[PDB]
Amino acid sequence: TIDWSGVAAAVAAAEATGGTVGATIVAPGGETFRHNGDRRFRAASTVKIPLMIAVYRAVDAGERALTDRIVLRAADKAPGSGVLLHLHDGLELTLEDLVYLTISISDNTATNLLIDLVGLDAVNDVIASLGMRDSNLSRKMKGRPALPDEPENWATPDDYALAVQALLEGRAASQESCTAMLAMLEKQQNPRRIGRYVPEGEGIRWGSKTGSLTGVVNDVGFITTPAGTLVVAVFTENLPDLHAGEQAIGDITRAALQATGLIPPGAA
């Protein structure tokens, strides 16, 4: 039987300076810890998950292929995270390159190119089909939060946990595509959040999609060991700074790994 007190303590410490945490964490058994699970947070880059799903569903339907060519144009270059914004106009990429850049390093140009290819409606169709009732993609990547009167991309921890579960269960798209998408998440380049206290060892894997904006630090993903898989969706808002946000997610995740017996028991 699971003791969540350490996870609750990690959450309380993260919120002590006045910020807010939302967390939905699903144990191997299916038992679920929720704190502000249905509260609305800025998704930031985590919304690139359902975008990726829309892409692979298009590939499943044979509407496009991973080897399809897309050319980098000056008009497409977005501010914020990514590398394409600084690479030469005319660079020829593939659809798979775009998915990879989108997920691994949160490339905003690659993201907006995929949004153009598949369209907003297709991503929102994915979100609805996954039972994600309070989430959406309505705004291309700009590297900044929307102003109050501009459409924002909203998430809830509950919704993003459903998204990861769908991938793990082969429900999000075809099983081949779910397997490929989980492998993309494993290519996440920032190990400081969900990834921080994942132990090194055989048969251990993790993947996630981070999200960051000023006052916003999120990470959504999974950790798999031979003993089972932990689903983790944590959103944080108005913590003191980036460091505090990353530390909070790492601590909450670590406490969850201990609570579910995925790593050995340890300090809170």
Side-chain angles (χ1 to χ4, degrees), residues 2 4-16 18-53 106 123-124 126-128 130-138 145 152-169 171-172 185 188 190 192-197 206-213 215-223 229-239 244-257 259-260 262:
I2 300 170
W4 295 105
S5 68
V7 178
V11 169
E15 297 184 326
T20 298
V21 171
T24 296
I25 295 163
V26 187
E31 183 177 335
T32 299
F33 172 92
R34 293 191 205 268
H35 175 87
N36 285 330
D38 64 355
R39 177 164 173 156
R40 301 162 181 108
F41 294 81
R42 298 183 198 274
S45 290
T46 64
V47 72
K48 298 174 184 184
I49 288 170
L51 169 61
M52 176 179 59
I53 296 168
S106 213
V123 181
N124 289 303
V126 161
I127 291 166
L130 291 184
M132 300 165 66
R133 295 313 209 92
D134 299 301
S135 300
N136 68 292
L137 173 67
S138 297
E152 180 60 279
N153 302 325
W154 299 109
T156 69
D158 282 351
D159 282 4
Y160 274 76
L162 297 173
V164 176
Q165 289 177 298
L167 290 170
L168 293 169
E169 298 168 10
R171 277 189 298 101
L185 292 168
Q188 175 52 243
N190 181 6
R192 296 172 187 80
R193 308 179 193 181
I194 285 168
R196 184 170 161 179
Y197 296 105
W206 74 276
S208 86
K209 181 68 192 78
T210 51
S212 315
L213 257 15
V216 172
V217 182
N218 313 324
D219 204 9
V220 170
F222 67 95
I223 298 164
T229 296
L230 185 75
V231 174
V232 176
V234 177
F235 291 73
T236 83
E237 165 183 305
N238 300 318
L239 302 206
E246 300 195 309
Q247 178 124 268
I249 299 171
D251 287 342
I252 287 165
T253 299
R254 185 227 261 123
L257 287 165
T260 59
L262 259 22

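The residues of the chain are indexed from 1 along the displayed sequence.
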Among [options], find the residue that satisfies the side chain to side chain contact (heavy atoms under 4.5 Å, CB included) test when tested with [X].
X    : options          : result
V234 : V217, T24, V21   : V21
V231 : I25, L168, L162  : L168
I223 : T253, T260, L262 : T253

**Asked** Is there a side-chain contact between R34 and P157, using heavy atoms and a 4.5 Å cut-off?
**Response** no
**Message:** Can you confirm whether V220 sits close enough to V232 that some side-chain heavy atom of one is under 4.5 Å from a side-chain heavy atom of the other?
**Reply:** no
Does the side chain of [X] pick up a donor-acceptor pair with the side chain of [Y] at under 3.5 Å?
X    : Y    : value
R193 : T236 : no
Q188 : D219 : no
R171 : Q165 : no
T156 : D38  : no

Taking every non-hydrogen atom, the tightest pair across [X] and [Y]:
X    : Y    : value
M52  : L185 : CE-CG, 4.2 Å
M132 : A163 : SD-CB, 3.9 Å
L239 : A244 : CD1-O, 3.7 Å
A43  : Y160 : CB-OH, 4.4 Å
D159 : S135 : OD2-OG, 2.8 Å

**Request:** Run the salt-bridge test on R42 and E237 with the 4.0 Å N-O cut-off and return the result as yes or no.
**Result:** no
**Request:** Report the C-alpha separation of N238 and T20 in whole Å, then their side-chain angles, then the decisive distance to 0.1 Å, and conclude whether the side-chain contact (heavy atoms from CB on, under 4.5 Å) test is met.
**Result:** CA-CA 7 Å; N238 300 318; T20 298; 5.8 Å; no
**Asked** Under the 3.5 angstrom rule, does the side chain of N136 hit a backbone N or O of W154 as a donor-acceptor pair?
**Response** yes
